[PDB]
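A lone chain, given as structure tokens: the form deposited in one PDB entry.
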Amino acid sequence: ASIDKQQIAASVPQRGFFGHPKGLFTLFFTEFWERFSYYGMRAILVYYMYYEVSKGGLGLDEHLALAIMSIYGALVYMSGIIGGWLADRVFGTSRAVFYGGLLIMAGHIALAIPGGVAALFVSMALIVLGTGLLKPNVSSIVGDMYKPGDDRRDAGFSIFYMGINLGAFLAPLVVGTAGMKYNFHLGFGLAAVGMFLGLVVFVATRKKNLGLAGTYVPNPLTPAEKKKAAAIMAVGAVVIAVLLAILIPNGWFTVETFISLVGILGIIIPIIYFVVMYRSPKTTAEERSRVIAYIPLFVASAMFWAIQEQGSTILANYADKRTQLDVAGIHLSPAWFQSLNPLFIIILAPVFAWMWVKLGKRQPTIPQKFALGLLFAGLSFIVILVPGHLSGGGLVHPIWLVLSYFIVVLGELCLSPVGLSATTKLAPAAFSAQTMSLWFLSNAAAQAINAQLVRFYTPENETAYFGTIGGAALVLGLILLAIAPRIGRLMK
């Protein structure tokens, strides 16, 4: 069922979008609108959860809301593992994107209509499932557009991914303005319309613009395999069944239990995977040493992403509860702070890229870049604790929060661009197809862990919260710097 790549590309019109195939238009806008809706939703979801019922919110406790926001991205990660497999072995990528988009749209609709906490659960379920099918598969469709040897490939991916930060930047300003200044459901409704526009362009244009791309099942199941995969689903169905019979009668079937389970998995899954890689009979002794060398990089990544990802949880709460939004005559919406990360990435990325070129042979190695990322991340938390500590109370000027987001980006631009490269360089050849998942696992584990850290975040513990986590990142960054020479030399 796999198709020759040149034959696939021959079915795709080769021009029509800035010198690229017209299908890049299709894929760019599908992805932009999916990201717009996801980030727009996220920008207001935390406030929707904890705002008073009389203020249009759900009225949950801040800690519970923050913990729920925290695990969201970890769930998306797990879903994406399943969704990548489903596309590869069952649907193909084009159908995965279609069905995924449908579920995501339904998820946004569930929040746009009048409803409460049950609707929140349903919305998250649909968006987690849908995003898992769409997110890790949409990029494989762009690759299918360029025949082997086509030198526009890299640039096309670059244009494609630019839609992520564009969506991330515009959504809080549009959806966040609507949701916060006027009505939450209006905000969520605009996210739904956004996803709808994405679906429309995809459905209306995919046949002509994309041809065969992603329309085939690359790794189809044999009849026996389909029965085998059906059996495994039944095993998973037995596992959930047996859990319910234990959890429900004992009153343990709660969101709190689930959050704690996500946390446990955040720790256990990485450990298990490292043992699997280290103990594999399909590895060499040299590869085994490299797996060990990767451990501090994985930990540094997790710690870095813990801080960076709190920009949309803890720091979103900080924007709303601790920051003076009434500066000059204008009233800032706290949702708007979610635009800072992508803005600064867009502005600073080419400057960093230029910097590395100019440094040349003098530039930091990959492990050194991880370390620098961590140091900046730690610094961003030290910076944020200062105004609250100096004031002794009351709202703080929003400039301090801006500076914190900015400093995190300095670190992100050190660590993140070499993350996959580090992972590929240190992972065994037998595990080469899982390198992306392994790299993304450090970010997902960070989010799972973030959710457990939420209860330490209170007005009275704010200084200790930011200082301890910031200090831990500083300490770990320093240690990583120190052991970076040996790690760097082991890299393939």
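Take the two forms, superpose them, and find the largest set of C-alpha atoms that agree within 1.5 Å; that set is the rigid core. Residue numbers run from 1 along the displayed sequence.
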(request) Could you settle it for me: does 363-371 or 242-250 have the higher average Cα B factor in the PDB entry? (result) 242-250
(request) Using only the Cα atoms and their B-factors as the entry lists them, report which of 159-167 and 310-318 averages higher. (result) 159-167
(message) Just to confirm, going by the entry's C-alpha B-factors, which of 101, 281, 107, 132 comes out highest?
(response) 281
(request) Quick one: which of 296, 411, 236, 419 shows the highest Cα temperature factor in the PDB entry? (result) 236
(request) Pull the Cα B-factor of residue 219 out of the PDB entry and bin it into the chain's lowest, middle or highest third. (result) highest
(request) Could you tell me which third, lowest, middle or highest, the C-alpha B-factor of residue 26 occupies within its chain? (result) middle
(request) Pull the Cα B-factor of residue 59 out of the PDB entry and bin it into the chain's lowest, middle or highest third. (result) highest
(message) Could you place residue 331 in the lowest, middle or highest third of its chain by Cα temperature factor, using the values in the record?
(response) highest
(request) Select lowest, middle or highest to describe the third in which the CA B-factor of residue 463 falls within its chain in this entry. (result) middle
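What comes next is about the form deposited in another entry, which does not appear here.
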(message) Listing 347, 271, 244, 113 as candidates, which single one shows a C-alpha movement of 2 Å or greater between the shown form and the other one when the core is held fixed?
(response) 244
(message) Using a rigid core superposition, assess whether residue 204 undergoes a CA shift of 2 Å or more between the shown form and the other one.
(response) no
(request) Using a rigid core alignment, state whether the CA of residue 234 is displaced by 2 Å or more between the shown form and the other one. (result) yes
(message) Given that the shift is 3 Å or more, do the Cα atoms of residue 121 and residue 245 end up closer or farther apart in the other form than in this form?
(response) closer
(message) So the CA-CA distance for residue 111 and residue 248 moves by at least 3 angstroms in the other form. Closer or farther than here?
(response) closer
